[PDB]
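Positions of Cβ are backbone-derived with ideal geometry, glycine not excepted, and every protein chain shown enters the neighbour counts. Each value in this text was obtained by applying a stated rule to the coordinates, not by laboratory testing.
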Amino acid sequence: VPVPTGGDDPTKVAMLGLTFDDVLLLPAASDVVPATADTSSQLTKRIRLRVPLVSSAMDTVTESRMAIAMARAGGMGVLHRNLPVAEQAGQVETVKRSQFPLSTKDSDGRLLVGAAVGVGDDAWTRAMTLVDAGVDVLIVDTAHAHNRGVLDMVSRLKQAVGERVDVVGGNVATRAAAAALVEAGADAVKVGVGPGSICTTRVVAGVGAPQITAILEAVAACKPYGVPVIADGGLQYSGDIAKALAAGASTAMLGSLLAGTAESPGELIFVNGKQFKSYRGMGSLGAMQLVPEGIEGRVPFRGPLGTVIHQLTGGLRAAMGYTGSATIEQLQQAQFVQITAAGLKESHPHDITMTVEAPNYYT
Amino acid sequence: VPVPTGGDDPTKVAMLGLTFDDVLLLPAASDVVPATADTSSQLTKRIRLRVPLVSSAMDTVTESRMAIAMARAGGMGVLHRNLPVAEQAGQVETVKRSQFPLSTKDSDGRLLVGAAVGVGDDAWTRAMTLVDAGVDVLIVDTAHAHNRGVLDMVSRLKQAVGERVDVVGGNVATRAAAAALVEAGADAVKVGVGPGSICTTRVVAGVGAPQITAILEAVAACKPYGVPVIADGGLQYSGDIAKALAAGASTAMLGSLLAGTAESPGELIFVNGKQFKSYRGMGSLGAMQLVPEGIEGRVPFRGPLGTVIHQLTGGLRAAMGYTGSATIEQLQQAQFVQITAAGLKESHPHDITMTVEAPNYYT
Amino acid sequence: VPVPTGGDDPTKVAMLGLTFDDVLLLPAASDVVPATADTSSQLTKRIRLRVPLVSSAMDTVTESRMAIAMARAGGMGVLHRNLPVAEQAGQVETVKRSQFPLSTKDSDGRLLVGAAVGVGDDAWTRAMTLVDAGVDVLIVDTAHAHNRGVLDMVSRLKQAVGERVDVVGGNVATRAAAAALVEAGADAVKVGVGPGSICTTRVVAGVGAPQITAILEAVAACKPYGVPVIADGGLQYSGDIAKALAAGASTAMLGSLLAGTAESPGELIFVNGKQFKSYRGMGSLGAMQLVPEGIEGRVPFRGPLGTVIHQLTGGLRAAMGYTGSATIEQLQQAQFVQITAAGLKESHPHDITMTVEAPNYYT
Amino acid sequence: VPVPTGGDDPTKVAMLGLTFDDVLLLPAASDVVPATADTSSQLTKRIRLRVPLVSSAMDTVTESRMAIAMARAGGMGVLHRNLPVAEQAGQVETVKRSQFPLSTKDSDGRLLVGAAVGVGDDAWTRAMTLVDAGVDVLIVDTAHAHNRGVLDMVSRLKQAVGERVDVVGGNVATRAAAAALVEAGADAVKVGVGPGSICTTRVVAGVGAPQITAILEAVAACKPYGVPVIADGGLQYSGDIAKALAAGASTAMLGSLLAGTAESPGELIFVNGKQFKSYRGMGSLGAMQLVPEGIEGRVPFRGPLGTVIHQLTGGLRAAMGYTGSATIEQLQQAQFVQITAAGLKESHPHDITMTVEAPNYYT
Amino acid sequence: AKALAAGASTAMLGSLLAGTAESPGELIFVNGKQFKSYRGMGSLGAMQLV
Ligand SMILES: NC(=O)c1ccc[n+]([C@@H]2O[C@H](COP(=O)([O-])OP(=O)(O)OC[C@H]3O[C@@H](n4cnc5c(N)ncnc54)[C@H](O)[C@@H]3O)[C@@H](O)[C@H]2O)c1
Ligand SMILES: NC(=O)c1ccc[n+]([C@@H]2O[C@H](COP(=O)([O-])OP(=O)(O)OC[C@H]3O[C@@H](n4cnc5c(N)ncnc54)[C@H](O)[C@@H]3O)[C@@H](O)[C@H]2O)c1
Ligand SMILES: NC(=O)c1ccc[n+]([C@@H]2O[C@H](COP(=O)([O-])OP(=O)(O)OC[C@H]3O[C@@H](n4cnc5c(N)ncnc54)[C@H](O)[C@@H]3O)[C@@H](O)[C@H]2O)c1
Ligand SMILES: NC(=O)c1ccc[n+]([C@@H]2O[C@H](COP(=O)([O-])OP(=O)(O)OC[C@H]3O[C@@H](n4cnc5c(N)ncnc54)[C@H](O)[C@@H]3O)[C@@H](O)[C@H]2O)c1
Ligand SMILES: *c1nc2c(ncn2[C@@H]2O[C@H](COP(=O)(O)O)[C@@H](O)[C@H]2O)c(=O)[nH]1
Ligand SMILES: *c1nc2c(ncn2[C@@H]2O[C@H](COP(=O)(O)O)[C@@H](O)[C@H]2O)c(=O)[nH]1
Ligand SMILES: *c1nc2c(ncn2[C@@H]2O[C@H](COP(=O)(O)O)[C@@H](O)[C@H]2O)c(=O)[nH]1
Ligand SMILES: *c1nc2c(ncn2[C@@H]2O[C@H](COP(=O)(O)O)[C@@H](O)[C@H]2O)c(=O)[nH]1
Ligand SMILES: *c1nc2c(ncn2[C@@H]2O[C@H](COP(=O)(O)O)[C@@H](O)[C@H]2O)c(=O)[nH]1
Ligand SMILES: [K+]
Ligand SMILES: [K+]
Ligand SMILES: [K+]
Ligand SMILES: [K+]
């Protein structure tokens, strides 16, 4: 009579959530060489990137230098909103005023750049100043996009400057929230609540949703209207990028994987003869200066951004070759297999003493 | 033909139990700002607390100082019964005889306090002495409330001093035990058998049930009759408190989270330059002086109790904002998602060298 | 179309096996005091023990001293068969020739004792010599009792000396093997293939079954005919003994839990100031002097056997009080709840630095 | 309404994949002595090995010495293709031109040997040169055999040199891929995509399938046509070999298990007084000289090959005795039990300080 | 400097040069760090004893 997990309501525990480590991509019939695969994808309904990667809007990840490097690499960067409005507009102008076949450019031939804003009248003034500076895409960047205020802000921005710039809606984790964002007029939906490597929301508040299931649910609401999905947070390997794209996301937003590059803001730190640099959540105590939802830490230095992007894109191309996907649209139709805890350790290198770190696999 | 787990009886392995680490709260459409969320909840059918947290009845957790501080913070404290009867009555008198808007006070304006009693005639004398000293709530505090003697004691206490004080029934882990306590006349039901951080009941005896499933099962029996549920044991984060309340519990009883504060009894101990203090189970060999069901240990010093309570309440408010719950009664209607082991390590911070501890998240 | 785990045969992966760590005992309505519980149980169809515990027939576990101590404590010991026939008969006579209210005795007032034999004509000579020496129960002690030769040996022993002594069949792991042993005429069935703490069978050969499922399957075949079941191996806590009895077994056989006592054969060893003593499988290379199926190691010294037995019986009595079982026969009807990996770490003590080892819970 | 793992497509997450650590073999009625079990099995449709073990085609595993030793031990070796064509043909000639009752030989009495080729016209020239030298079997050795080019190469090789040599098809993980290889004319199918100990494909690309499920799926397509299956990668114990053969595979290909033997190519390395030797994947950066799909490492020294082969065969014989299988074909009809994470640690030695390593179990 | 100040005219170097790229022998990886072999000429391996 009772539900097998307790109680009498079968909907109290709605579903079993899967994350990146729970699934593997199944190989399929292939006619695709990894070098010949096309990795272009839609960032928004009007913007297409050669490489479907976007830099996170964090004060230890993206400033003008990172945005320029990401745009030249074939992606795009999103400037963080921790600095004043005038400084953010200056960074936008620095990017717009700025070897690279894949570089993403607008109609005037200048590099594309995105900028993050919050909610409120101060956020409205920031958004208007950024728009007048020549921004290409505004990110309503919150922790909970299903709030009434976030939806109202997206609606207002679409009404005011929808012709000039694209508007992306903040993080959701359910089908209903994505549907609400689509109804509000968002040109793209960002997915993920709590999976970030520096996030403590799922511990502090106990609220979250595993990223693969969240992407599936959000795509189920966004695809019929042609609204692209950006998987944000929790990606540690190029295989995770491939899994995120196969689940239905159109682009991926990278955090820790880029915080260690030379183009990220911040100096270099030496610890026991090894190089690191600072990486902190935007809900951390230091960043928000309270109940923090992030931590402070450091990540190992990786070097130039181009090399990291090349490794990630090579992994994605290998995945596309394995699944037989000529385009990202075809990759979005691939199938998964669910694995157990033993399958995960089988997947990684095992019963071996690794003698040297590979370029795409770190200890 | 047979049961997939073995045998021919399908009810031999009745159900699959979930605990806090197995679930996450799902975000929902929200109009709630965390600072405006109302955290008040029923402790019993007659007592409403501003902060839904109660201190455990342990000789290393709650005495007069801890009870006074908890009452001032908006919760309540339960005085342990390891000391003689006269001293317990004296501690009740000290608390009653004793800046703090949230402070919980009875009709006379004195701070609320609770006291734990056992089962037997000596426990009856203790209960009468505590009632004569002005206690507001008695906890029949046993490891197994489904025993006939515990139900008899609850019925006797309700018959004798029902009009004067509230009677809370000891720990259960099933629907049937909760129903039996409700029929016996309990004003509140305490849930949890073996989840405590210092318990060895589930190892020494092999008896228990996971906390989320136990709360769901007990709520299924208590909610139709209006009897509140207290989730006792196994809580290490504010997110766990939010999960427990969302599972149908009305209040949470805290152990180790408060044992390291300055208001808990005991002297401060230095180990390798760090500060700790003692924390032991009431079924430990030291506390019960045999077949013990608890251990002795120590927990790090955490400072004043008010800051800890504020961090816990901030996490709870964040959860209420995420789920769109203006009240605790609305939070009790939120939905869960079940996660795997990989989802558990995705929820916590990962692939990062934390450089300093967060106020609400400890290494 | 295909089976969810692969292939087209739904019987290829027959069932999901549970071990001790996968389940917990559900509390039930109780009128039982742990001190008043009755722990007597059948070892065979003719022999009843006051304490349902038996010592393993291993050369680092049971000889004359251990057998005498176990018999005085209320259980029984099984003499190992590594020594020559004459020495085993001498040990049997030493036990029979040998403060202890629970002592298990025959009709003549002498202590009960069991002896292990193998398969073959040499085993027949050993068995006849042991029967002539006054042994009470013979254990056909093999790794695979479903072999034709083991069943033939059991039938021969029952035909020849069935009236004088009881015959116990070696280790099975499935319902069919237990049914075959019952058909052969065994007075008791020993259950467990690979769960021993010193066994490598499930790694070397990949063959075994989780112990709880194996016990349930064996009981489903043995209980209708009134044939007792002995859970052998894998027991590390008293709660595991309670689980094994609740799953339907009538007795439990202990290995490592008794190897560290003073009555076990072997001297005392010092490593880094701590005391240990040797413990090896009978299929280990050292013992069988090849393809070994066991390892050699050492276990910490625990002191006299009586204290260990008292702790185990106290744990069992606590579990009986929790389940409301007046007798072992009633404990055999208790219900389980299945728990996940998170529930298992909730069940043990957590988030605490233990200051001293408990008498029934070790670091 | 939705799929419990997310979305609306029930085939998005096709199945649950099992690996070796997820299953155990069930004991069955037996009349088999391990010393009398027959381990002969089909490698291809025309080649029968006395020991169903083949050495991996890796530059740290198999050269002339290893191939000769494997042929003498009753199996076969596959010469790697990292060296130039002339050198590989010279190795083949060395092996052919070369006490041992189980040695596998052709009609002329010379030792059997196999060689690996890639895809393309250069691989075509290599294959013709190897066939001219007298190789017994060609392995189309790729990471993705469901590619169109691999199938075309298999078809061409069968059309050209079909009557002289047998052609084995590269690694698959799905029923459809095995069916395509069968249609193309393969004489045996090699199964496994990413389970190898030195593979990072499941991390770099996120693509693979757990090995037991993959073997079951491939056997479902290969058994009706009498095409043998070779399980390749992820084997660490002899029990894994038994499980793989029971899943339906006819032979097993071994990597790391043989990389530490005297006959493998490479010198011996000393680290902290212990002996190791190099072991690297063929997709490693060092071996392929780029986006690598393997790592470099080293494995402990194990001694002569014959002892290792004997221990593995002894474990297999023990498994065949447990399951009552006189032949490998009977072992292919055995049954599994699925186990959890707790069952996995029950299977291994536990709660013991292993003092000396066993010949078949290493710490 | 100390050796020269004590009166010696030149210094002969061993381990200080054994780790350079111009020294004979291949490179070895251990725990992510690079090393290379260095043995005395009276070592058992070199002289192939006491
Ligand atoms: N078993 C594995 O999972 C695995 C993975 C990587 C490498 N390897 C080993 O590395 C060696 C070289 O393998 P290789 O195949 O990379 O060599 P390769 O570069 O010679 O590839 C041979 C053919 O395999 C196919 N192929 C390989 N990877 C593909 C992909 N991602 N997408 C589409 N087609 C693909 C292509 O048709 C290619 O022409 C072999 O010894 C192989 O066993 C094995
Ligand atoms: N993705 C995540 O899970 C996550 C979590 C924490 C912080 N962050 C990052 O930190 C920065 C600040 O985030 P922020 O949203 O707290 O900034 P903020 O304080 O500017 O909040 C913006 C709006 O988000 C909504 N909101 C946020 N948390 C809410 C909650 N718990 N309940 C109800 N409404 C809530 C409110 O409408 C609020 O006005 C951003 O850059 C964001 O990406 C992200
Ligand atoms: N919540 C838990 O899981 C847990 C477990 C062990 C101990 N404790 C704490 O230890 C203290 C003492 O508890 P206690 O109950 O052991 O004290 P106690 O010895 O005073 O027992 C009180 C009554 O509880 C019942 N009872 C307790 N354990 C039982 C069992 N195993 N079987 C049957 N009836 C049983 C009996 O009726 C007994 O008279 C309390 O403060 C309690 O909270 C709690
Ligand atoms: N319970 C276990 O899982 C386990 C495992 C290994 C060893 N042991 C212990 O080791 C000792 C010797 O055990 P043993 O059985 O190896 O002794 P043994 O060599 O005397 O075998 C006795 C009989 O068991 C049967 N048998 C055992 N292993 C078999 C196999 N792999 N295939 C087919 N039949 C098999 C045969 O009929 C054999 O004649 C005993 O004390 C036993 O309890 C126990
Ligand atoms: C939680 N999440 C946070 C916080 N600041 C940013 N974020 C989110 O995490 C993403 C990065 O995750 P990685 O796994 O490191 O890639 C960001 O893009 C953002 O969405 C925070 O304080 N808490
Ligand atoms: C088991 N449980 C015990 C014992 N004494 C008290 N308790 C229970 O644990 C709760 C505390 O749990 P924490 O996880 O520490 O917060 C107490 O409130 C009580 O219910 C004991 O000896 N064994
Ligand atoms: C596997 N099992 C073995 C071996 N010798 C004995 N045994 C079995 O183990 C039991 C003891 O296990 P504990 O977990 O220590 O209680 C014995 O009673 C016997 O059945 C061996 O070599 N391999
Ligand atoms: C992944 N797999 C690779 C690579 N080179 C070879 N292999 C495969 O691994 C098998 C050996 O696995 P073990 O677990 O070590 O036995 C080989 O037979 C081959 O199929 C590589 O770079 N990545
Ligand atoms: C002792 N001395 C040895 C050996 N082989 C060479 N040598 C001497 O050591 C010098 C190098 O010393 P470093 O401190 O390493 O610079 C050489 O120049 C030679 O004189 C030997 O086996 N034992
Ligand atoms: K791997
Ligand atoms: K996280
Ligand atoms: K516990
Ligand atoms: K074992």
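Got a sec? How would A:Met288, D:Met66, B:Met70 order by Cβ neighbour count within 10 Å, fewest to most?
A:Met288, D:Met66, B:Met70
Using +1 at the Cβ of each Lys and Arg and -1 at the Cβ of each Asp and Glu in the range D:92-201, identify which of D:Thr201, D:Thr104, D:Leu181 lies farthest towards the dipole's positive end.
D:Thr201
Which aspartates and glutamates have a Cα less than 16 Å from the Cα of C:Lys243, not counting those fewer than 8 places away in the same chain?
Reachable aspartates and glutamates: C:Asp21, C:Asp22, C:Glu217, C:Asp232, C:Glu329, D:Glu346.
Please arrange D:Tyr279, A:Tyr225 by counting, for each residue, the other beta carbons lying within 10 Å of its beta carbon, fewest first.
Fewest to most other Cβ atoms nearby, the residues stand as A:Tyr225, D:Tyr279.
If N is the number of residues in the range B:236-304, what value comes out of its Cα radius of gyration divided by 2.2 N^0.38 Å?
1.32
Residue farthest toward the positive end of the dipole of chain C, with Cβ of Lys/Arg at +1 and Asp/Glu at -1: which of C:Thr5, C:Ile309, C:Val227?
Selected residue: C:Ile309.
Between the alpha-carbon centers of the range A:86-124 and the range E:13-50, tell me the distance in whole angstrom.
With the range A:86-124 and the range E:13-50 each reduced to a Cα centre, they are spaced 55 Å.
Checking a compactness column here: for the range D:56-118, what do you get for Rg(Cα) / (2.2 N^0.38 Å), N being the number of residues?
In units of the 2.2 N^0.38 Å rule of thumb, it is 1.05.
Using the Cα centre as the reference, give the magnitude of the dipole from point charges on the C-beta atoms of chain D (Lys, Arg: +1; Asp, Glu: -1; all else neutral), rounded to the nearest 20 debye.
440
Suppose each label sits 7 Å from its Cα in the direction of the beta carbon; what would the D:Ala86-D:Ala35 distance come out to in nanometres?
Roughly 5.3 nm, to one decimal.
Which of the GluC sites (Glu not before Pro) found in the range D:143-223 are loop residues per DSSP with 13 or fewer other Cβ atoms within 10 Å of their Cβ?
Taking the range D:143-223 and a limit of 13 other Cβ atoms within 10 Å, the loop GluC sites (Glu not before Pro) found are D:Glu163.
Where the only charges are on Cβ atoms (+1 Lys, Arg; -1 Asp, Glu), what is the dipole of the range C:199-288 about its Cα centre, to the nearest 20 debye?
140
So which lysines can B:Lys158 reach, going by Cα to Cα under 19 Å and dropping same-chain residues fewer than 8 places off?
Excluding near neighbours in sequence, the set is B:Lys45, B:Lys190.
Please give the Cα centre distance for the range D:127-181 versus the range C:246-290, rounded to the nearest Å.
First find each Cα centre; the distance between them is then 54 Å.
Rounded to two decimal places and with Rh computed the Kirkwood way over Cα pairs, what is Rg over Rh for chain D?
0.96
Quick one: order D:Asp187, A:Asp141 by neighbouring beta-carbon count within 10 Å, fewest to most.
Sorted ascending by nearby Cβ count, the order is D:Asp187, A:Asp141.
Taking the Cα centre of the protein assembly as shown as origin, work out the dipole magnitude from +1 charges on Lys and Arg Cβ and -1 charges on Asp and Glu Cβ, in debye rounded to 20.
It comes to approximately 1260 debye.
What number in nm² do you get for chain E if you take the convex hull of its Cα atoms and divide its surface by four?
6.1
Once the other residues with Cβ under 12 Å from the Cβ of B:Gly6 are scored (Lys, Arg +1; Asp, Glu -1), what is the net sum?
-2
Which values of log₁₀ I(q)/I(0), to two decimal places, follow from the Debye formula for the range A:1-156 at q = 0.11, 0.15 Å⁻¹ with a uniform point scatterer at every Cα?
-0.60, -0.88
Note the direction-averaged projected area, equal to a quarter of the hull surface, for the Cα convex hull of the protein assembly as shown, in nm².
With every direction weighted equally, the projected area is 63.0 nm².
Please report the relative contact order for the range A:114-154, taking Cα pairs under 8 Å with a sequence separation of at least 6, and give it as a percent rounded to a whole number.
Relative contact order here is 49 percent.
Considering the convex hull of the alpha carbon atoms of the range A:137-272, report its projected area averaged over all viewing directions, in nm², one decimal.
Taking a quarter of the hull surface, the average projection is 10.0 nm².
Can you pull a Stokes-Einstein diffusion coefficient for the range B:147-212 at 20 °C (1.002 mPa s), Rh from Kirkwood over Cα pairs, as a whole number of µm²/s?
D = 168 µm²/s.
Tell me, what HN-Hα J-couplings in whole Hz come from the Karplus equation 6.51 cos²θ - 1.76 cosθ + 1.60 at θ = phi - 60° for each residue of the range C:346-363, using x for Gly and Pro?
For the range C:346-363, the Karplus curve yields 5, 6, 7, x, 8, 6, 8, 9, 5, 8, 8, 6, 6, x, 10, 9, 9, 5 Hz.
When we measure straight from the Cα of B:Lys277, which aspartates and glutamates land under 16 angstrom away, once same-chain ones fewer than 8 places off are left out?
Of all the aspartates and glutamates, those that pass the test against B:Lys277 - Cα under 16 Å, at least 8 places apart if same chain - are B:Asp59, B:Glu63, B:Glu263, B:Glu267, B:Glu296, C:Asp351.
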